[PDB]
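Novice: Take a look at this one; I'll ask things after.
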Amino acid sequence: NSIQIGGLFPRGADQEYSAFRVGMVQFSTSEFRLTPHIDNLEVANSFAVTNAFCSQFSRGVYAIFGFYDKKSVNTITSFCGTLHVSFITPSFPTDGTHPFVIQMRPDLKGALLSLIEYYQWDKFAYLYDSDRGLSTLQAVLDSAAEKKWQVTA
Amino acid sequence: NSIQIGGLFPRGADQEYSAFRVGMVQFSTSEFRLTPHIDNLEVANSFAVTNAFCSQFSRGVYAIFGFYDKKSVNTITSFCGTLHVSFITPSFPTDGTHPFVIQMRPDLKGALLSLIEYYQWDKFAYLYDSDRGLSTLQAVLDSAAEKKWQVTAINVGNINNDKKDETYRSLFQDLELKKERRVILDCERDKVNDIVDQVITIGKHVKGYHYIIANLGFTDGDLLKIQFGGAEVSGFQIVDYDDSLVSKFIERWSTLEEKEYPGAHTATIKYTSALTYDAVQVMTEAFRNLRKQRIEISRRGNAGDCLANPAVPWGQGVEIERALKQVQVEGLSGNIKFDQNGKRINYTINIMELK
Amino acid sequence: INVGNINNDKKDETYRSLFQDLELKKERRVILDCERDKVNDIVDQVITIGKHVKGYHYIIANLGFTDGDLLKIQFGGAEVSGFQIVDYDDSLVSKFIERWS
Amino acid sequence: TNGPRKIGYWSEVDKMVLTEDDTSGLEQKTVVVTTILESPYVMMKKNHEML
């Protein structure tokens with residue numbers, strides 16, 4: 001058997017793409033030859049991500065793998081929520097319990113908030129960047145209100 | 001002439017769609033005839049927004065009216081940013097200076113910070129609905145450092161309707177651990193109503209509490225029931241009923257039949273609907289300016305496909321964007337001007353307060 | 001204080017005025033000795049003027065403490081108390097209430 | 001807060017009798033303080049048997 005898969009990689013993701021290739025050289029077998037349709041387009045651009053996603057649908061690949069950003073995640077989770085195409089990604093976890101998206105990165109929130117209690121912190125700055133989802137910020141803000149901390153976000 | 005225009009409307013935007021039709025009835029002209037095509041799909045479902053966009057894009061519409069939400073906004077902004085099809089909306093301002101987005105809802109963050117200064121606040125709660133986007137939570141927290149405030153920000157959005165009784169109680173009871181009294185409500189009026197209804201039910205509208213309704217619809221909520229609590233309430237409205245044009249509109253608006261224009265048979269109008277009505281004026285005025293300037297809109301009806309690769313911009317959309325961002329008119333929302341980013345400038349917001 | 005002859009056509013500011021006059025004395029303990037359909041209306045105005053936070057205490061001086069729309073003052077923190085002649089703990093009453101409802 | 005509850009009963013002969021289920025009863029408690037009788041820190045007042 002041969003099994004086409006979508007590969008939807010950011011430009012400059014070489015160390016993850018090399019790990020994809022090395023992973024493919026490791027795990028693949030002649031019985032079911034996973035065959036990447038690689039695409040390299042601006043992942044922060046929803047048009048290019050959607051256009052490539054439609055093309056990788058148009059070649060009937062059985063699954064798609066790739067990375068996304070806080071801009072494009074509202075496309076991927078909605079297309080996969082519609083065409084039922086299963087998308088596997090290690091990028092930042094989606095907040096909703098969206099079907100047909102597999103996210104390999106674990107939830108950081110509980111571990112970070114536990115470390116704060118282990119350190120017995122009560123007043124700290126929280127500098128943050130939007131482009132991984134503000135789920136982390138919301139969890140420290142909600143906890144700080146409950147735990148009567150102060151945060152200089 | 002007749003002009004094909006696109007339309008995506010949220011399911012339940014009955015007063016906005018009514019205001020759109022009223023705008024067409026008011027601002028139509030024999031010379032050029034704006035001819036809507038309307039699609040009604042879930043604005044929060046980016047696939048549906050994408051599909052309806054590409055359908056209306058395949059129709060070759062010269063501009064699209066509609067709305068977007070924090071999920072689909074990255075589709076509409078990026079597609080239009082690429083396809084040069086101007087998108088006109090009353091939705092919240094985009095964070096970026098995206099070209100081809102004509103966004104009516106003026107900057108609230110600046111007015112919000114100035115009012116919080118005006119009340120001399122230093123420690124307060126700030127309740128935000130996550131789903132409108134956190135651009136206002138950013139701008140208050142950025143200043144809270146410099147202004148040495150103690151913003152107790154809390155997410156209130158993801159509280160599900162099945163249990164939206166104990167949670168609002170619990171939410172304010174947790175604030176009563178700090179004994180917070182000053183509160184900002186940063187929600188759509190469908191959520192400001194619900195939280196105010198719980199605020200009265202938990203009794204926290206006596207003297208001492210003070211709520212700021214950080215939206216452009218201070219009068220559009222069910223305000224009456226906190227008018228007499230003894231607390232104070234204040235906020236903002238973009239529409240000013242003192243204007244003669246607004247009053248003349250409101251008479252023409254309230255007198256409509258509710259069968260044909262549902263939700264229009266009232267002496268009040270949602271700011272979203274008012275910006276919609278103003279939007280139809282602006283779209284007419286831009287195409288009027290094209291015909292004043294003898295600009296040709298003549299993109300062929302066989303406009304192509306949204307998925308066409310390589311991408312296929314079109315020249316006339318640039319001229320449409322140039323005109324749209326240069327129109328100046330009065331409307332329900334007062335004087336309008338646009339910057340090159342399509343955000344409004346030289347406007348004014350009416351600060352309202354509940355005595 | 002008489003509260004009966006406040007007519008339905010103007011039963012809005014008269015109740016606010018009524019409690020504002022009590023707030024001259026700063027009264028807090030109140031007996032509502034009214035019929036059910038008037039307990040509802042005055043309790044509804046009692047929330048709207050904000051006077052159901054803890055500190056107030058209303059006695060519903062009728063045999064129908066549970067029969068009015070009690071729920072909306074359950075949470076304000078002003079304690080409320082009164083009387084009921086029927087007791088739903090009785091098996092005969094429970095069997096009746098099933099047969100009744 | 002949990003809803004309308006009984007707290008007692010009344011009759012013409014049985015003047016108000018509570019059901020001995022009042023939550024208020026418990027909550028407010030008092031620390032036990034241990035000390036020793038020595039002057040002038042802790043001493044018995046002349047009228048202590050009336051107190």
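Every chain in the structure tokens has a letter given in the order shown (A, B, ...), and although residue numbers restart at 1 in each chain, ligands are simply numbered from 1 in the order shown.
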Write out as an NGL selection string the residues lying within 9 Å of residue 139 of chain B, counting only C-alpha atoms and excluding same-chain residues fewer than 5 positions away.
Specialist: :B and (109-110 or 113 or 134 or 144)
Novice: Those selected residues, please, written with C-alpha atoms and delivered as a CSV table (one decimal), in the first residue's frame.
Specialist:
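That gives us selection11.csv:
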```csv
chain,number,residue,atom,x,y,z
B,109,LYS,CA,-9.4,51.8,23.9
B,110,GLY,CA,-8.2,55.4,23.9
B,113,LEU,CA,-8.2,54.8,29.2
B,134,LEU,CA,-8.4,40.9,23.8
B,144,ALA,CA,-1.7,49.8,34.0
```
Novice: Residues near residue 65 of chain A, anyone? I mean within 12 Å using only C-alpha atoms, not counting same-chain ones fewer than 5 positions away, as a short mmCIF file (atom, residue, chain, number, x, y, z; two decimals) with N, CA, C and O atoms, in the first residue's frame.
Specialist:
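What follows is the written file out.cif:
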```
data_model
loop_
_atom_site.label_atom_id
_atom_site.label_comp_id
_atom_site.auth_asym_id
_atom_site.auth_seq_id
_atom_site.Cartn_x
_atom_site.Cartn_y
_atom_site.Cartn_z
N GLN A 4 -0.46 8.72 0.65
CA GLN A 4 -0.06 10.12 0.60
C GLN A 4 -0.48 10.84 1.87
O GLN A 4 -1.59 10.64 2.38
N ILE A 5 0.41 11.68 2.39
CA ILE A 5 0.13 12.53 3.53
C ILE A 5 0.47 13.96 3.15
O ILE A 5 1.38 14.22 2.37
N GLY A 6 -0.30 14.90 3.70
CA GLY A 6 0.01 16.31 3.53
C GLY A 6 1.12 16.76 4.47
O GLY A 6 1.07 16.50 5.68
N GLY A 7 2.11 17.44 3.92
CA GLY A 7 3.13 18.10 4.71
C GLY A 7 3.07 19.60 4.51
O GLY A 7 3.27 20.08 3.39
N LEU A 8 2.81 20.35 5.58
CA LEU A 8 2.49 21.77 5.48
C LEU A 8 3.44 22.53 6.40
O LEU A 8 3.09 22.88 7.53
N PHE A 9 4.63 22.82 5.89
CA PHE A 9 5.71 23.25 6.76
C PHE A 9 5.99 24.73 6.61
O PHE A 9 5.93 25.27 5.50
N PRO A 10 6.27 25.43 7.71
CA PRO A 10 6.73 26.82 7.60
C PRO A 10 8.07 26.90 6.91
O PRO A 10 8.90 25.99 6.99
N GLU A 16 12.88 21.02 12.22
CA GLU A 16 11.70 20.17 12.38
C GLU A 16 11.44 19.34 11.13
O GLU A 16 11.00 18.19 11.23
N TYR A 17 11.71 19.91 9.95
CA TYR A 17 11.58 19.15 8.71
C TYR A 17 12.63 18.06 8.60
O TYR A 17 12.32 16.93 8.19
N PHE A 20 11.40 15.49 10.63
CA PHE A 20 10.35 14.79 9.89
C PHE A 20 10.95 13.78 8.91
O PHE A 20 10.51 12.63 8.85
N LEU A 34 4.05 5.93 3.53
CA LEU A 34 3.68 7.32 3.78
C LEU A 34 4.49 8.26 2.89
O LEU A 34 5.73 8.23 2.91
N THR A 35 3.80 9.07 2.10
CA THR A 35 4.40 9.81 0.99
C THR A 35 4.04 11.29 1.15
O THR A 35 2.93 11.71 0.78
N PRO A 36 4.95 12.09 1.70
CA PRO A 36 4.64 13.50 2.01
C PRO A 36 4.43 14.33 0.76
O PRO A 36 5.31 14.42 -0.10
N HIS A 37 3.25 14.94 0.66
CA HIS A 37 3.04 16.15 -0.14
C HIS A 37 3.50 17.35 0.70
O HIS A 37 2.74 17.90 1.50
N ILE A 38 4.75 17.75 0.51
CA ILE A 38 5.30 18.89 1.24
C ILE A 38 4.85 20.18 0.58
O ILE A 38 4.82 20.30 -0.65
N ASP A 39 4.48 21.17 1.40
CA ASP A 39 4.31 22.54 0.95
C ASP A 39 5.02 23.49 1.90
O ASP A 39 5.04 23.27 3.12
N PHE A 53 -3.83 24.02 1.67
CA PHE A 53 -4.70 23.01 2.28
C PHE A 53 -5.73 22.48 1.29
O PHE A 53 -5.98 21.27 1.25
N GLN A 56 -3.84 20.18 -1.14
CA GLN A 56 -3.54 18.89 -0.52
C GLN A 56 -4.80 18.06 -0.29
O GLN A 56 -4.73 16.83 -0.25
N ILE A 76 -7.43 26.15 10.01
CA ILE A 76 -7.15 24.72 10.06
C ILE A 76 -8.19 23.98 10.90
O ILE A 76 -8.78 22.99 10.46
N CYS A 80 -10.63 21.29 9.10
CA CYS A 80 -10.63 19.94 9.64
C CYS A 80 -11.92 19.62 10.38
O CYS A 80 -12.37 18.47 10.37
N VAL A 85 -10.78 16.00 7.55
CA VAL A 85 -9.37 15.70 7.33
C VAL A 85 -8.63 15.81 8.65
O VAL A 85 -8.66 16.86 9.31
N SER A 86 -7.96 14.73 9.05
CA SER A 86 -7.24 14.70 10.32
C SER A 86 -5.91 15.43 10.20
O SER A 86 -5.09 15.11 9.33
N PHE A 87 -5.70 16.41 11.07
CA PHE A 87 -4.50 17.25 11.06
C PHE A 87 -3.70 17.00 12.33
O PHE A 87 -4.23 17.12 13.44
N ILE A 88 -2.42 16.66 12.17
CA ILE A 88 -1.53 16.37 13.28
C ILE A 88 -0.50 17.49 13.36
O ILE A 88 0.11 17.84 12.35
N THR A 89 -0.31 18.04 14.55
CA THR A 89 0.56 19.19 14.71
C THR A 89 1.19 19.21 16.09
O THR A 89 0.58 18.74 17.05
N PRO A 90 2.42 19.70 16.21
CA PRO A 90 2.99 20.02 17.53
C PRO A 90 2.88 21.48 17.94
O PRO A 90 3.40 21.83 19.01
N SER A 91 2.25 22.34 17.14
CA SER A 91 2.12 23.75 17.46
C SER A 91 1.20 23.95 18.66
O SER A 91 0.64 23.00 19.22
N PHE A 100 -10.78 16.30 15.16
CA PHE A 100 -9.97 16.10 13.96
C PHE A 100 -8.73 16.99 13.93
O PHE A 100 -8.19 17.27 12.85
N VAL A 101 -8.26 17.45 15.09
CA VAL A 101 -6.95 18.09 15.20
C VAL A 101 -6.19 17.41 16.33
O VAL A 101 -6.70 17.31 17.46
N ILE A 102 -4.97 16.96 16.04
CA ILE A 102 -4.12 16.28 17.01
C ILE A 102 -2.94 17.18 17.33
O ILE A 102 -2.14 17.50 16.44
N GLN A 103 -2.81 17.58 18.59
CA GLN A 103 -1.77 18.51 19.02
C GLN A 103 -0.83 17.81 19.99
O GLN A 103 -1.24 17.40 21.08
N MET A 104 0.44 17.67 19.59
CA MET A 104 1.41 16.89 20.34
C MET A 104 2.03 17.66 21.50
O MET A 104 2.65 17.04 22.37
#
```
Novice: Restrict the distance test to only C-alpha atoms, flag each residue of chain B within 12 Å of chain C, and return the flagged residues as a PyMOL selection string.
Specialist: chain B and resi 165-166+169-170+173+197-209+224-231
Novice: Any idea what's packed within 8 Å of segment 233-241 of chain B, counting only C-alpha atoms, ignoring anything in its chain fewer than 4 positions away? Could you give it as a count of residues only?
Specialist: 26
Novice: For a test of reading the model, state the distance in Å between atom CA of residue 54 of chain A and atom CA of residue 307 of chain B, rounded to one decimal.
Specialist: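 The value is 8.3 Å.
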Novice: Work out how far atom CA of residue 103 of chain B is from atom CA of residue 67 of chain B, in Å to one decimal.
Specialist: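 Those two atoms sit 9.6 Å apart.
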